[PDB]
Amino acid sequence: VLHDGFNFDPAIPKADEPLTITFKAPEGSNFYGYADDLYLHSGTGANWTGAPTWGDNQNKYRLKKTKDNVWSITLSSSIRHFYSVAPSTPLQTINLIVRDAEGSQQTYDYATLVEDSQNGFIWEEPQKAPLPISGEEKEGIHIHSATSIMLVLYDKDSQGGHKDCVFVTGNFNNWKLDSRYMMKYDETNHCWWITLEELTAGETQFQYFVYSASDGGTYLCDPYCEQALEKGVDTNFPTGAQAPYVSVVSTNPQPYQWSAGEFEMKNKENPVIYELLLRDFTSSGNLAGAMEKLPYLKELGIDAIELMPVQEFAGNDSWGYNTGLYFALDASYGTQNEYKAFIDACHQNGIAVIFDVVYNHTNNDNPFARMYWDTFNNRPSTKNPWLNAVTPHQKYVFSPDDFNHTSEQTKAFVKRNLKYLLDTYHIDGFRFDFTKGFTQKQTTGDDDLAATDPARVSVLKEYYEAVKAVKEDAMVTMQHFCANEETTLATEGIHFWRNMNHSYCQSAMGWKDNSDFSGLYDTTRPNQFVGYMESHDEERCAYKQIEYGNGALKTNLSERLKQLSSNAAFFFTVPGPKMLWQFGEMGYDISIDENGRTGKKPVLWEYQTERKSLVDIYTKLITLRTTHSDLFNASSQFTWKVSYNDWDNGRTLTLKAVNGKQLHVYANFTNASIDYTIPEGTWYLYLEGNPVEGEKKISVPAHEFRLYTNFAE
C-alpha cells in the first residue's frame, strides 16, 4: 500500500541501513500519468549534504517507474554511504525532490526524519500535555527566567488536523534534533509547547523542525520572534540552521529607557505626512542616518513621518512590501532599540510616526507559509489556516502567500500584531497597504475586485476598531482605491489615500489635459482623504517636467521650481490631511524607473541648497497650517477653480474661516503672463506681511502664484 507522495521501506528510515523510496504522483499533479523515469535531487540535514549538481542523471539518482504513477529508488549499502556522511555525523533528515531528466518539471523541498541509532538519535512517541498558561497571546516566546523560555507554536490546519511531532533546535543543542527537545501537544489549545531550561543568559538562537507522516518535515522560525537572523543577509547566520530564518531571544534584554511621557500628534485632524524609505532617505540607508535629518524635517514643519515597511522583509534591499515576519523589524535598518530611539527622537522633535503595514500577503519565508505547504505546486497547502493556496484576486498577485482575511486565525494575528507595534514601538498610527486585497471573492480584473465586498468592509472596520481599542487617538490610513467602500469606512473615522499624482504631474508639465485638482478635497469629509501629488508608487512631478514638459519646463530649472511651487500653493493650502514623498520639497527629479522601479535611488541632499527656493516655499506653506490652523479647520468654507477650463486665466482658491480669516491663492500654470484683478479687500503677501490693495490689477508671470491673507501675522 502507498500514500500520495513519498513512501519509505523501511517505514522508519535508518541512517545505517539501505532505504527504498517510492513516489506516488497524486491525481491532478504534474507527474500524474508521466510515462518516463524520474530523478532524485536529495541531501541530508539542514543544508542538503551530498546534494548533486541539479540535473545529474547518473543511474544512482534514477527512480524506475514500477507501476502507473509509482517510481522507486534504493539508496544502496546505506543512507549514510549513499550521501558520503561520516559515521559520527548524526544523519537525522533526508530532503527529497523528484524531477524529469531535463531538470524542468519538479516537486519542491520535502524532508523526512531518519533514525540514527549509531549516534544516539532514537525515535520516541511525542507526549500530549496541557499548556501550563492561559490567555489571548499564548503563542510565541515567554521569558520565564534568565535561563529559561517557554515556546508555544499554534498547530491546527483548516481540516482540523495537526503535525505528528515538533523538535526545537538551536545554539543550545548544536542544531541537532534531540528527543529531549520534543514539544508536547495540547489538543484543546491546538498548541505545541516546551520549556527550554539551562540557557546561558545572553542570546538564544532557535528554529523548529515540524513533522507529519503526510506532509513530511520542514524547518521554520517562531512567527512571534522580535529578532531574526536571515540567511544571505546576517554573516553570523548559524551553520547548522536552515534558511531562511533563525529566531533570536535574549533572556536578559537591555530595555530601552523612553523619554519624558505622553506624546500627541500636532494638527491631528489634518496632518502633513512625510513618506520616507529608510533605504534611500540617507547614504547609510538606516535609522542612524535618518536620525541626523530629524532637525531638517522638524523645520520643514511636518506633523508625521510615515515609514515604508520596516517589518522583516526578504533580504536587505527592498521597499518592504515582502514581509516574512511581523513581530521582528528588519535589522538592516537597525536593532529593536535603534527603532525605539528613532521613534523617541521623532516624538522629542514634535513629529509622530506611522508604520506602513502589509497584511494582504507575506512570502515563502513566513513560518505560517512553511507550516502548511504544498510541495507539488510550491504554494500554501489547501489545509493552510492563515493563507490561500491560490490568490482569489488574480489581477494582483504580489507573492504566492495571500492572507485569508475571513480566517479567524488571520484576524487574531493581525489584531495582535497591530497591538504589539502600538505597545512596543509607541507609534502614532498605521498605513495599511492594499486593503482592496482583503477579499476572498474570485476576480480577474479591476471592476469585479473594486465592487463592494461586505466581508472586506467588515474586516477593515474590525482592524480599525482593534487599533482604536489600544490607542483611541491612533491615525488609521488605508490604501484602498475602492470608492463605495471608502464612503462607508470614512464615516467610521478611517483615512484613505487620495491619489492626485496624475493631475499635479500634468500641471507640473504645463499640460491642462487631465490637470483637475478637485479630487484633493472631498466636500463630504475632507479630513478623511490623505491627498498627495507624489507617493513611492508614482513618477516624480519634477521628472515628468524634464521628459515631457511644455517648452521651458523641460530645460529651465528656475521655471520648473516656480511651477512646482505653484503646485504646492494649490496643495498645502487645501483642507484635510496631506502626504509628500521624500525630497518632493526639493524637486527630486530622478525617474521611478531609474535602477528599476523598486531599485535604490540616488541620495541627493545637495538638492536641499540648490533648490532651497522650493524647500522654502514648502516650509512656509506647511508652517502656515500650524501658525494659522483655525483657517484649515474642515468647517472653513473652501472653493476653487482648478478644472481643465481653469487655465488660460489662472486657477484660484479661497479658504474662509468661521472667525473671518481668509486665504486667497492665484496661480498661472501657463507659459505666458496673465492679467488678474485681486478680489476686493485688504490683503497681505503672507509669504513675503506687506499689504496689497484688493480690486487692483496685476500681471502674473508664467509659472508663478500669489498668496494673500486678510491678516498680516
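All residue numbers refer to positions in the sequence shown, first residue = 1.
Unmodelled deposited residues between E688 and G689: 1 to 3, per the record. For the two regions 441-449 and 384-392, the entry's Cα B-factors average higher over 441-449. Look at the C-alpha B-factors of 198-206 and of 273-281. On average they run higher in 198-206. Within the listed group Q409, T488, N501, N95, the record reports its top CA B-factor for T488. Between the residues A328, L229, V603, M291, it is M291 that shows the highest Cα B-factor in the PDB record. Ranked by Cα temperature factor within the chain, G217 sits in the middle third according to the deposited record. Looking at the C-alpha B-factors along this chain, the one for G315 belongs to the lowest third. Sorting the modelled residues of the chain by their CA temperature factor places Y644 in the lowest third.
The entry lists a Cα temperature factor for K156 that places it in the middle third of the chain's modelled residues. Ranked within its chain, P253 lands in the highest third, by CA B factor from the PDB record.
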